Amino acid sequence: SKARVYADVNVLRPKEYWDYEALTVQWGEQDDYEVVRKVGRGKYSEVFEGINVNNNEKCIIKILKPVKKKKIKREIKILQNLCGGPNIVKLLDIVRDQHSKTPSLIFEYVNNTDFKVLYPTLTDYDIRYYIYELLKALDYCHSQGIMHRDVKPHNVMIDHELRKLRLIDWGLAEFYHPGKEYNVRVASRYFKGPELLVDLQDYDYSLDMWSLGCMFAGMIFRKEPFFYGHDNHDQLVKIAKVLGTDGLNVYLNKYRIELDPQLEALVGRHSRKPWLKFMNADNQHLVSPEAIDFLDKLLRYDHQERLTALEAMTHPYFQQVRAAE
């Protein structure tokens, strides 16, 4: 399987661009950036609100937990490649603790509001607007040969007051190369596409469009996560109990995928649950025919059948957003 778009990006570009292992990091000054307050944490880093002592300007200090040299260069190269494109987190500097060599990445500051607190207050229009902003990040990075591979609310920073969106955490991101077999141990469980769950290694940008779709489905339906699986096999069961088993069946045969008998048994047999079955009084005001139609073209088993980030941005759903530009 190849990408239906931007397949030749890293092919027509110099080896400098995509060859991240040849990166030689030009380290900055660790004294320039003081920690003010903790603002988050994850498996691979701790994150702090910071200050630049030169200019008194706020920043984000992302202190990294012991990481392989290979993986950290991947994150940096991608960050440097994408630095400047639409709604991408801007990497300001790269520094290290002299004694222990622990790297820190310094980012632009964003006054983010947690999605568990923010999202319930988003109106019909705000949702349209912020997904559109995310779509700009996605098409940009896709256009540059990068798949984010970890699209979720936690990686989407939002200052509601100033209406600014930044796509963050490019720790799982990767250069797309035509027919290169990739590790399916990427994204976070509730946003893993069916390609990763069934061991289809030759995936592409399309992966991020599934992830995007789970995120979107949770926002309009007010049910986050939308696909709540307990583990990788249960994650697929949850998808199958929505999109239906037949669509799964045709998808698997098209790519010559054989499922594990353990998994195939677990999945079982299920009919399709129409999207309108997720409507209620808590969410009636965010669900529309346009929302449903957009959601519908994103959440497809077949990665080749999903809307591309560019196609998605032109959807009548986002029309009023486009007119305001």
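In this text, residue numbers run from 1 along the sequence as written. Each form is matched to the other, and the largest set of C-alpha atoms that superpose within 1.5 Å is called the rigid core.
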**Message:** Core-aligned, RMS over all structures and residues: is 166-174 or 90-98 the stretch with the greater C-alpha displacement in 9 other deposited structures of this protein?
**Reply:** 90-98
**Asked** For the C-alpha atoms alone, is the average B factor greater in 151-159 or in 175-183, going by the entry?
**Response** 175-183
**Request:** Could you check which stretch, 211-219 or 108-116, carries the larger mean CA temperature factor in the entry?
**Result:** 108-116
**Prompt:** Can you tell me which of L299, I61, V267, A291 has the highest Cα temperature factor in the record?
**Reply:** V267
**Request:** Relative to the other modelled residues of the same chain, rank the CA B-factor of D234 and answer lowest, middle or highest third.
**Result:** middle
**Complete:** For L23, the third of its chain by CA B-factor is the highest
**Item:** Third assignment of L12 from its chain's C-alpha B-factors
**Value:** highest
**Request:** Pull the Cα B-factor of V95 out of the PDB entry and bin it into the chain's lowest, middle or highest third.
**Result:** middle
**Asked** For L286, does the deposited CA B-factor place it in the lowest, middle or highest third of the chain?
**Response** highest
